[PDB]
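Here is the structure we will look at, set down as structure tokens.
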Amino acid sequence: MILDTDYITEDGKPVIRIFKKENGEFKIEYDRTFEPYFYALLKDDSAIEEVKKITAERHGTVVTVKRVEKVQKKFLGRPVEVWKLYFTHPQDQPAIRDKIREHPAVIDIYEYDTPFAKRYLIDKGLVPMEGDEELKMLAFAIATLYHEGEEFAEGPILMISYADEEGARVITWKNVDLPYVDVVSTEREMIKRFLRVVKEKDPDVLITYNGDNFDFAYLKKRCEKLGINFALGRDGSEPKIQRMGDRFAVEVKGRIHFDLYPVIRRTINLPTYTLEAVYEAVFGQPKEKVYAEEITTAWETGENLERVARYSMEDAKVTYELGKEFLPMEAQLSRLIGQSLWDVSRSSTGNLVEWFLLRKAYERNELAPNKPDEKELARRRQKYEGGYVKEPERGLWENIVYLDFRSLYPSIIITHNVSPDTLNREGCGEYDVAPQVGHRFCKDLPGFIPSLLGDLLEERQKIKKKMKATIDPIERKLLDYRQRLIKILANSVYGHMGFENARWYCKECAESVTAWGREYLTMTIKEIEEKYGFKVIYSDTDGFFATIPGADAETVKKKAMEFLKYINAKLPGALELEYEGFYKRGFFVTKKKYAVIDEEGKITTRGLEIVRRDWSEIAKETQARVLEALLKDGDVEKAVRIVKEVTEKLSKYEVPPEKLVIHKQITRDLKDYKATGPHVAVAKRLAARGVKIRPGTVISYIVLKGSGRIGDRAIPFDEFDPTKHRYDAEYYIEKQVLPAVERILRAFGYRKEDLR
DNA sequence: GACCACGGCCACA
DNA sequence: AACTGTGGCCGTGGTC
Ligand SMILES: [Mg+2]
Ligand SMILES: [Mg+2]
């Protein structure tokens with residue numbers, strides 16, 4: 001199994017290293033034959049002898065063009081005559097590439113910014129994280145003595161905790177009577193203990209939580225102070241820091257540094273993303289938090305150090321459990337993209353797509369288009385139309401069905417050969433025209449993108465058959481992971497075509513897919529209403545809720561499957577409407593805001609305040625109890641009782657302040673904000689106090705009793721004292737609880753005045 | 001000063 | 001999952 005690849009420099013020549021895991025042993029493969037290269041397009045092939053001799057400087061060393069080679073490749077379906085430029089070292093490219101482009105005899109250069117180690121995986125056709133081998137893992141966390149106002153890593157690291165299959169342990173340099181604590185003389189010997197432990201276990205994966213921005217940075221500062229060779233790498237190297245935009249990421253050569261924070265933040269939606277909140281949301285168990293003000297006091301006074309050691313032990317223990325949950329999914333995603341788990345776990349969906357396309361474009365001799373320049377990106381700022389959004393028939397409905405399409409946009413791309421290499425191609429025989437936009441796509445040859453989506457969805461169906469026959473839950477869970485990720489990948493390729501900074505950007509291909517989706521959707525809602533007498537209540541892009549007015553439950557499920565047979569014979573090719581599920585009742589408030597309940601009792605809410613993080617828990621809890629009384633029993637009397645009970649408890653200040661916290665995220669620097677809302681007002685006051693507010697910080701404020709602007713009365717929930725503070729019960733009643741529940745109860749004539 | 005567009009956030013698919 | 005795109009909603013300051 002391939003873990004990752006990089007390259008070292010031996011006598012000036014590049015040597016690819018392939019970190020592998022075979023037969024339960026860590027191996028390293030060396031390759032001294034791979035040569036860096038990028039392509040160039042010239043006005044006249046005679047200029048190759050002039051373009052052979054451009055030189056540039058690098059580290060005071062003149063860079064040369066090693067050799068040239070003529071090749072025929074496919075640039076958007078069309079064969080082109082492109083020249084291949086070879087170089088001695090990868091870093092020779094960024095020094096000479098701009099001078100080659102500025103040569104008058106050239107038109108453009110292609111595939112010049114591709115990293116060497118990633119280029120090796122693509123050209124050699126190697127796929128990481130492939131195989132049956134099991135990886136040995138180890139999570140770790142640290143604890144530091146924190147004082148305000150001091151520099152970063154000014155205080156020493158007090159405890160280092162690690163956890164794996166054998167359990168969790170804590171290394172510390174003060175005596176603590178606990179069975180999992182290993183005591184040490186000093187901090188330096190505490191650190192040196194951790195290196196020896198990591199070296200002995202020899203883990204393939206090191207699991208952290210926000211270790212890209214803190215743990216490795218803190219250990220790096222201390223190791224330089226105490227003169228420690230932090231040789232965590234399998235080759236004796238030290239942790240390497242890479243820049244990830246406004247942040248950093250840490251590498252450990254030979255191993256995989258799996259930071260859970262970027263993986264968890266994108267795979268889950270929570271109000272706060274503290275390690276305690278993530279653990280309780282995933283495993284349903286409370287994890288106790290001990291703040292740095294408690295760590296420092298307990299350490300400097302030497303009192304109650306077991307309570308802090310238990311927090312350190314649990315940190316690494318829950319980090320290991322979260323690691324075993326999110327890594328198999330991300331490992332299969334790495335096998336699909338064809339890149340290392342380190343890069344995949346920290347990359348945007350767009351970059352993952354361009355990695356998949358670049359690997360696929362290499363297998364088909366397809367020259368990759370370059371990233372758009374500044375001026376081209378300006379011409380790509382035109383907005384196109386999305387999917388059909390029907391204004392829902394407001395109110396409560398009974399006995400309904402939802403019928404969706406099986407992968408709407410990938411099916412449209414496959415069926416109609418939607419691709420930038422097929423758009424308006426002169427001289428074909430079979431054309432397909434898109435509605436409204438009128439774009440034509442040749443079909444004599446399968447397009448580049450429809451071939452990939454066709455190959456992907458074919459594999460996905462093959463995986464599902466292999467999945468249901470698999471007996472061991474392990475591969476069944478992994479096959480389920482792969483067949484899942486394939487669906488998201490195929491749908492993500494469509495969005496790539498509409499992205500301004502995409503290599504395979506095609507606005508015409510994008511809007512044509514949405515135009516076809518609107519046609520096929522509006523036709524089925526028209527067929528199901530005129531032929532079978534259904535009533536489409538709500539529709540969004542690729543599905544709709546419908547029923548026959550005043551019909552019986554089995555009669556709905558009967559004629560619904562009749563309509564499915566009729567519409568699937570009329571749908572062309574890969575397009576397919578399917579039966580998703582039946583639900584007894586369902587309330588529809590507005591666009592992208594509804595809630596249904598099946599015959600089993602499970603309620604699925606969409607878009608309502610229940611699923612939003614910027615709403616108080618008291619308002620989300622009340623709206624849920626109201627929906628449970630209606631969707632399950634239809635007892636509107638129980639719902640109006642619930643609301644009046646909550647408001648009275650709020651009016652008497654008897655509701656816990658924890659349920660009244662509002663969580664809003666900061667997205668930019670506080671100077672960029674042109675409108676200062678409540679969560680920005682409290683953040684600016686905080687920054688004046690000294691605390692750093694970073695883009696992405698989650699603010700948790702509470703509104704206090706008073707008058708005027710809300711921002712002038714909102715304090716962070718850190719500073720709320722029940723003996724000293726009283727929240728604005730008037731605000732939470734009339735601006736949170738009542739507005740949220742009244743949108744539903746207004747369907748029964750109940751006004752907010754009747755809800756108090 | 002009631003009325004309103006509007007940043008700003010997050011959600012649906 | 002969500003770069004593509006479509007919407008609901010609120011606290012806030014601008015308006016005449
Ligand atoms: Mg290129
Ligand atoms: Mg890398």
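Residue numbering restarts at 1 for every chain of the structure tokens, chains are lettered A, B, ... in their displayed order, and ligands are numbered from 1 as they appear.
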Residue set, segment 586-693 of chain A restricted to alpha helix (DSSP H), as a PyMOL selection string: chain A and resi 617-628+636-651+678-689
Nearby polymer residues, ligand 2, at most 10 Å, only C-alpha atoms (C1' of nucleotides) and all ligand atoms, as a list in words: residues 4, 5, 6, 115, 117, 118, 242, 249, 250, 251, 253, 339, 340, 341, 342, 343, 344 and 346 of chain A
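Excluding residue 12 of chain C and any residue on its chain fewer than 4 positions from it, the residues at most 12 Å away by only C-alpha atoms (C1' of nucleotides) are residues 674, 675, 676, 677, 678, 681, 708, 709, 710 and 711 of chain A; 4, 5, 6, 7 and 8 of chain B.
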File dump, residues just selected, C-alpha atoms (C1' of nucleotides), as a short mmCIF file (atom, residue, chain, number, x, y, z; two decimals), in the first residue's frame:
data_model
loop_
_atom_site.label_atom_id
_atom_site.label_comp_id
_atom_site.auth_asym_id
_atom_site.auth_seq_id
_atom_site.Cartn_x
_atom_site.Cartn_y
_atom_site.Cartn_z
CA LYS A 674 -18.87 46.85 6.44
CA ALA A 675 -21.93 46.00 8.58
CA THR A 676 -21.30 45.26 12.27
CA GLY A 677 -23.96 42.86 13.48
CA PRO A 678 -24.34 41.39 16.97
CA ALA A 681 -19.99 43.80 17.72
CA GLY A 708 -31.38 49.42 22.20
CA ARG A 709 -29.21 47.60 19.70
CA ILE A 710 -28.68 43.91 20.39
CA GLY A 711 -24.92 44.22 19.90
"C1'" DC B 4 -37.37 49.20 3.68
"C1'" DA B 5 -33.43 47.57 1.28
"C1'" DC B 6 -29.52 45.17 2.79
"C1'" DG B 7 -25.35 43.21 4.50
"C1'" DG B 8 -24.50 38.89 6.67
#
d(atom CA of residue 81 of chain A, atom CA of residue 45 of chain A) in Å: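 Pair atom CA of residue 81 of chain A / atom CA of residue 45 of chain A returns 8.9 Å.
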Chain A residues near chain C (6 Å cut-off, only C-alpha atoms (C1' of nucleotides)) as a count of residues only: 5
Give me, as JSON lines, each residue of chain A that comes within 10 Å of ligand 1, together with its shortest interatomic pair and the distance in Å at one decimal, counting only C-alpha atoms and all ligand atoms, with rows ordered by chain and rising residue number.
{"residue": "A:38", "atom": "CA", "partner": "ligand 1", "partner_atom_place_in_ligand_line": "1 (Mg)", "distance": 8.2}
{"residue": "A:39", "atom": "CA", "partner": "ligand 1", "partner_atom_place_in_ligand_line": "1 (Mg)", "distance": 8.0}
{"residue": "A:40", "atom": "CA", "partner": "ligand 1", "partner_atom_place_in_ligand_line": "1 (Mg)", "distance": 9.8}
{"residue": "A:108", "atom": "CA", "partner": "ligand 1", "partner_atom_place_in_ligand_line": "1 (Mg)", "distance": 9.6}
{"residue": "A:109", "atom": "CA", "partner": "ligand 1", "partner_atom_place_in_ligand_line": "1 (Mg)", "distance": 7.2}
{"residue": "A:110", "atom": "CA", "partner": "ligand 1", "partner_atom_place_in_ligand_line": "1 (Mg)", "distance": 3.7}
{"residue": "A:111", "atom": "CA", "partner": "ligand 1", "partner_atom_place_in_ligand_line": "1 (Mg)", "distance": 3.3}
{"residue": "A:112", "atom": "CA", "partner": "ligand 1", "partner_atom_place_in_ligand_line": "1 (Mg)", "distance": 6.3}
{"residue": "A:113", "atom": "CA", "partner": "ligand 1", "partner_atom_place_in_ligand_line": "1 (Mg)", "distance": 7.6}
{"residue": "A:114", "atom": "CA", "partner": "ligand 1", "partner_atom_place_in_ligand_line": "1 (Mg)", "distance": 8.2}
{"residue": "A:358", "atom": "CA", "partner": "ligand 1", "partner_atom_place_in_ligand_line": "1 (Mg)", "distance": 8.8}
{"residue": "A:367", "atom": "CA", "partner": "ligand 1", "partner_atom_place_in_ligand_line": "1 (Mg)", "distance": 6.9}
{"residue": "A:368", "atom": "CA", "partner": "ligand 1", "partner_atom_place_in_ligand_line": "1 (Mg)", "distance": 4.4}
{"residue": "A:369", "atom": "CA", "partner": "ligand 1", "partner_atom_place_in_ligand_line": "1 (Mg)", "distance": 4.7}
{"residue": "A:370", "atom": "CA", "partner": "ligand 1", "partner_atom_place_in_ligand_line": "1 (Mg)", "distance": 4.1}
{"residue": "A:371", "atom": "CA", "partner": "ligand 1", "partner_atom_place_in_ligand_line": "1 (Mg)", "distance": 7.0}
{"residue": "A:503", "atom": "CA", "partner": "ligand 1", "partner_atom_place_in_ligand_line": "1 (Mg)", "distance": 7.7}
Please produce a file of the residues just selected, as a short mmCIF file (atom, residue, chain, number, x, y, z; two decimals), in the first residue's frame, where the atoms kept are N, CA and C atoms.
data_model
loop_
_atom_site.label_atom_id
_atom_site.label_comp_id
_atom_site.auth_asym_id
_atom_site.auth_seq_id
_atom_site.Cartn_x
_atom_site.Cartn_y
_atom_site.Cartn_z
N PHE A 38 7.17 20.00 -18.72
CA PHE A 38 5.89 20.61 -19.07
C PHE A 38 5.86 20.82 -20.58
N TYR A 39 4.67 21.12 -21.09
CA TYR A 39 4.44 21.22 -22.52
C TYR A 39 4.49 22.67 -22.99
N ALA A 40 4.75 22.83 -24.29
CA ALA A 40 4.80 24.15 -24.92
C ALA A 40 4.22 24.05 -26.32
N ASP A 108 1.55 29.29 -25.72
CA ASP A 108 1.21 29.03 -24.33
C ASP A 108 2.00 27.82 -23.85
N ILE A 109 2.05 27.66 -22.53
CA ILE A 109 2.66 26.51 -21.89
C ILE A 109 1.60 25.82 -21.04
N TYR A 110 1.73 24.51 -20.89
CA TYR A 110 0.72 23.70 -20.22
C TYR A 110 1.36 22.74 -19.24
N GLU A 111 0.65 22.50 -18.13
CA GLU A 111 1.05 21.52 -17.12
C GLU A 111 2.41 21.85 -16.52
N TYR A 112 2.59 23.13 -16.17
CA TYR A 112 3.86 23.61 -15.63
C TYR A 112 3.89 23.71 -14.11
N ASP A 113 2.73 23.80 -13.46
CA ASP A 113 2.67 24.00 -12.02
C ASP A 113 2.32 22.72 -11.26
N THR A 114 2.48 21.56 -11.90
CA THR A 114 2.14 20.31 -11.23
C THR A 114 3.32 19.84 -10.38
N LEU A 358 -7.03 15.49 -13.90
CA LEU A 358 -5.66 15.46 -14.43
C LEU A 358 -5.16 14.03 -14.59
N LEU A 367 -4.33 16.82 -23.37
CA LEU A 367 -3.59 17.94 -22.81
C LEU A 367 -4.49 18.77 -21.90
N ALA A 368 -3.99 19.06 -20.71
CA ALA A 368 -4.80 19.76 -19.71
C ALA A 368 -4.82 21.26 -20.00
N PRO A 369 -6.00 21.88 -20.06
CA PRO A 369 -6.05 23.34 -20.17
C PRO A 369 -5.49 24.00 -18.91
N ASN A 370 -4.94 25.19 -19.08
CA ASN A 370 -4.32 25.90 -17.97
C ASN A 370 -5.38 26.56 -17.09
N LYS A 371 -4.96 26.92 -15.88
CA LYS A 371 -5.80 27.73 -15.01
C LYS A 371 -6.09 29.07 -15.70
N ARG A 503 -9.99 24.31 -14.83
CA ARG A 503 -9.28 24.04 -16.07
C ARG A 503 -10.25 23.65 -17.18
#
Distance filter 8 Å, only C-alpha atoms (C1' of nucleotides), chain B against chain A, as a VMD selection string: chain B and resid 7 to 13
Members of segment 184-224 of chain A assigned strand (DSSP E) by DSSP, as a PyMOL selection string: chain A and resi 205-208
Atom-to-atom span, atom CA of residue 22 of chain A and atom CA of residue 234 of chain A, Å: 15.5 Å
Test item: residues at most 10 Å from residue 751 of chain A, only C-alpha atoms (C1' of nucleotides), excluding those fewer than 6 positions along its chain, as number ranges by chain: A: 738, 742-743, 745
Residue neighbourhood residue 509 of chain A, 10 Å, only C-alpha atoms (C1' of nucleotides), exclusion window fewer than 5 positions, as number ranges by chain: A: 413, 417-423, 434, 437, 439-441, 494, 497-498, 514-515
Given the selection you just returned, output its residues as a file containing C-alpha atoms, formatted as an mmCIF file, in the first residue's frame.
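As written to disk, out_2.cif reads:
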data_model
loop_
_atom_site.group_PDB
_atom_site.id
_atom_site.type_symbol
_atom_site.label_atom_id
_atom_site.label_comp_id
_atom_site.auth_asym_id
_atom_site.auth_seq_id
_atom_site.Cartn_x
_atom_site.Cartn_y
_atom_site.Cartn_z
ATOM 1 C CA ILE A 413 -24.061 14.635 -18.972
ATOM 2 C CA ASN A 417 -22.578 13.718 -24.219
ATOM 3 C CA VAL A 418 -22.339 17.097 -22.476
ATOM 4 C CA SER A 419 -18.674 18.095 -22.628
ATOM 5 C CA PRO A 420 -16.485 21.069 -23.640
ATOM 6 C CA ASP A 421 -14.891 18.923 -26.373
ATOM 7 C CA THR A 422 -18.317 18.187 -27.906
ATOM 8 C CA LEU A 423 -19.895 21.668 -27.794
ATOM 9 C CA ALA A 434 -30.294 21.764 -25.157
ATOM 10 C CA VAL A 437 -29.862 27.710 -24.196
ATOM 11 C CA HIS A 439 -26.252 24.614 -27.210
ATOM 12 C CA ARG A 440 -25.402 21.729 -29.544
ATOM 13 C CA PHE A 441 -23.232 18.759 -28.558
ATOM 14 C CA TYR A 494 -20.470 19.049 -12.939
ATOM 15 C CA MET A 497 -17.517 22.974 -15.235
ATOM 16 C CA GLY A 498 -19.197 26.049 -13.750
ATOM 17 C CA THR A 514 -29.439 22.818 -15.612
ATOM 18 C CA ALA A 515 -31.707 23.619 -18.562
#
A:716, A:328, A:239, A:395 ranked by distance to residue 585 of chain A, top pick (using only C-alpha atoms): A:395
Atom pair atom CA of residue 2 of chain A / atom CA of residue 126 of chain A: separation (Å):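 For atom CA of residue 2 of chain A relative to atom CA of residue 126 of chain A, the distance reads 8.1 Å.
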